[PDB]
Structures are given as C-alpha cells and as structure tokens.
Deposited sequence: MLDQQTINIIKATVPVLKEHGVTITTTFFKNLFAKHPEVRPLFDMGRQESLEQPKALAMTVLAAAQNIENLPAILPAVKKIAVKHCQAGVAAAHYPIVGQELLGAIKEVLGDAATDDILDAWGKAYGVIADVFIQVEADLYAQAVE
C-alpha cells in the first residue's frame, strides 16, 4: 500500500498529466513499440499497427481513483478479459510501466522531481497488481 505523500502527489499531479493527455499517449506508444518489438504482435488485429488509445489515460483514471479502486472494477474486469484474450503476461506490466513513466517524465519536464516520478512508479505498480491478479484468476478460470 501507498503512503499518504505518495497519494498526495498522485492526486495533485494527475490533472496535469490528464491536461497533457495527447502527449502522454503518443509518447507512450511510440516508445513502447520502438523499444519493445516483442510486444508488437499483441497489438496486431485483422492495416497498420493498431492502438488502444485509452491505455495510458485509463492508468491515470485508475490513479485518480487510487483510494477507491473497487469503484473502477467493472472497467478493470472488461479490460482484463481483453488482456487475457490477447495474451498479456504479468512480465509485460513492468515494460508498460517503464514507458508510461518515460512519458510522464516528458510531460512534467522541469517539474519532474525524483519523488514525484517515484510516486507514479509506486502508483502504477499498485494499479498493475490489480490487473495482474484479476487476469491470473481469469486465466485459471479458463481451464476449470
């Protein structure tokens, strides 16, 4: 669980990140696909490489709700179904986290202190752990 200052940072800064949403989203996907070619096949439907554009913004929405994560469970469950369909693994989450933080660092710029970036790293980890556990149980459910 997160300490209070971590939560204060998330609550205080997420509106800034949301205001600059288009930059976060596009930087995130650019860096994800460029630096991690191994995940590109998961985003291949069917026709140029396709993107769930709300992915990063949905992390931010979860973070905004960091104190009432149960409230976002209906969204999580639906996304989790798509993840398990696509073959998302627990080991993917640190990769997504790394590139999200890179995008956050870009948007915040001079305002991107180590403590603030650390805070978002911790928040992402808590949010990812929710998806990871839900998806693990979904994977288990599929071979009942």
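Check: Could you give the ranges of the deposited sequence that carry no C-alpha coordinates?
Finding: Deposited residues absent from the model fall in 47-48 alone.
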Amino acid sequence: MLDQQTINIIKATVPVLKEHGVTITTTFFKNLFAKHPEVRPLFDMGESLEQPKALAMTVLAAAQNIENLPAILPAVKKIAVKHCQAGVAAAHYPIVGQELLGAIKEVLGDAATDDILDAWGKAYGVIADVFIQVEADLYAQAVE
From here on, numbers count along this sequence of modelled residues.
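Note to self: Tell me which stretch, 125-133 or 5-13, has the higher mean Cα B-factor listed in the entry.
What the structure shows: If you average the C-alpha B-factors of 5-13 and of 125-133, the larger mean comes out for 5-13.
Checklist line | Of 49-57 and 91-99, the one with larger mean CA B-factor | finding: For C-alpha atoms only, the mean B-factor is higher in 49-57.
Note to self: Sorting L69, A111, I79, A86 by Cα temperature factor from the record, which one lands on top?
What the structure shows: Among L69, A111, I79, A86, the highest C-alpha B-factor in the entry belongs to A111.
Notebook entry, point to check: Which third of the chain does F29 land in by C-alpha B-factor: lowest, middle or highest?
Noted result: CA B-factor rank for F29: lowest third.
Check: How does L42 rank on Cα B-factor within its chain, lowest, middle or highest third?
Finding: CA B-factor rank for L42: middle third.
Checklist line | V107 - which third its CA temperature factor falls in, relative to the rest of the chain | finding: Highest third - that is where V107 ends up once the chain's C-alpha B-factors are sorted.
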